[PDB]
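Shown below, as structure tokens, is a lone chain in the form deposited in one PDB entry; questions about how it binds or moves come after it.
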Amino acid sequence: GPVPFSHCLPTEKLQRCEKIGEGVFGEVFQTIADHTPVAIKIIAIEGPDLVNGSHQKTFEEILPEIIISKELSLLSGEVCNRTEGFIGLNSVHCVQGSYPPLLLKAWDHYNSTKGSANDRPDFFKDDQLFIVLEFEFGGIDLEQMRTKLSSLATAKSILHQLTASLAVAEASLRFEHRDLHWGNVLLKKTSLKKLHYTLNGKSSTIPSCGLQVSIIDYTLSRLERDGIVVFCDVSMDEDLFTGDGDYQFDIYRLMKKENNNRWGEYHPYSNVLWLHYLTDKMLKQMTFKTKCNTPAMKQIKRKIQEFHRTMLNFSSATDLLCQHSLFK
């Protein structure tokens, strides 16, 4: 059956919770257990109350995110198709109860300093169900790092980490992220110079430039094992395809064109679209502490422009990884 919040967040862990993120879906908290930071994603399910102005998902509607989080976490421990480029999933729990007052306290501090688009989650009764996803702490998203990266050299490492991770997932799981906006790319300092991946049994390395990328948030994602497909059917969604003000909202339209509004099919070009969006973000909205002033740097800049100009003529992240000149 379900367990109380205390099962997931004993006193200690609860008292150390800071809010780090939010969406229509719910709330993300940072905390510490065994000296180790973790992120807690908390989602209300099965209830009749609107939350942040939308209906709660049923268990059946939240399953696909649970399944896909697990599958992509497991790639860190595989052999033929191995990557750490997704986020480690420590645990999943179904929780019953009102929202812990100590989580409300973390929620209020966030609302005060940063401000929130969400309802104060203080209106839940003691029968309310939540899914609690605990992740390894993956760092801070690429959006919030807009002005924080050192040079375009770092950009190349990020795009390489992202392409390799998506390629490994393509080969293993026929995976599409389908919502890889720069909010869903996390960066973390690493003292490792090379990062390792295996694709179809063949191991290579990517220079880190002191960063480790983690792809998050599998709420729109798709994959399959033994011809069983797990996905979010957005065939009948309206709002997803009517956004503007950012290349992001074009990718929703361009995905729907590629797959003729059939979201069960495998179209790995969706990964190429998102990688083009991210490459576009690197050149147009990221600003670096050190511009390209030396000759070897202006080369890296030209190769990323060339990437941006060409990558849409590749059929998958796999095709990019193995055929694009940026990665030779």
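Each residue number is its position in the shown sequence, starting from 1.
We do not show the form solved in complex with a partner chain, though everything after this point is about it.
In terms of contact with the partner chain in the deposited bound form, the residue from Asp108, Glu258, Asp127, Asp237 that brings a heavy atom within 4.5 Å is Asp237. Interface residue among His93, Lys156, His181, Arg82 relative to the partner chain in the deposited bound form, by the heavy atom within 4.5 Å criterion: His181. The stretch from 148-156, 218-226, 128-136, 72-80 that comes within 4.5 Å of the partner chain in the deposited bound form, counting heavy atoms only, is 218-226. Within this chain, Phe123 is remote from the site of the partner chain in the deposited bound form, having no heavy atom within 4.5 Å. At the 4.5 Å threshold, heavy atoms of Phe249 reach the partner chain in the deposited bound form.
In the deposited bound form, none of the heavy atoms of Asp319 sits within 4.5 Å of a heavy atom of the partner chain. The partner chain in the deposited bound form comes within 4.5 Å of no heavy atom belonging to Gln30.
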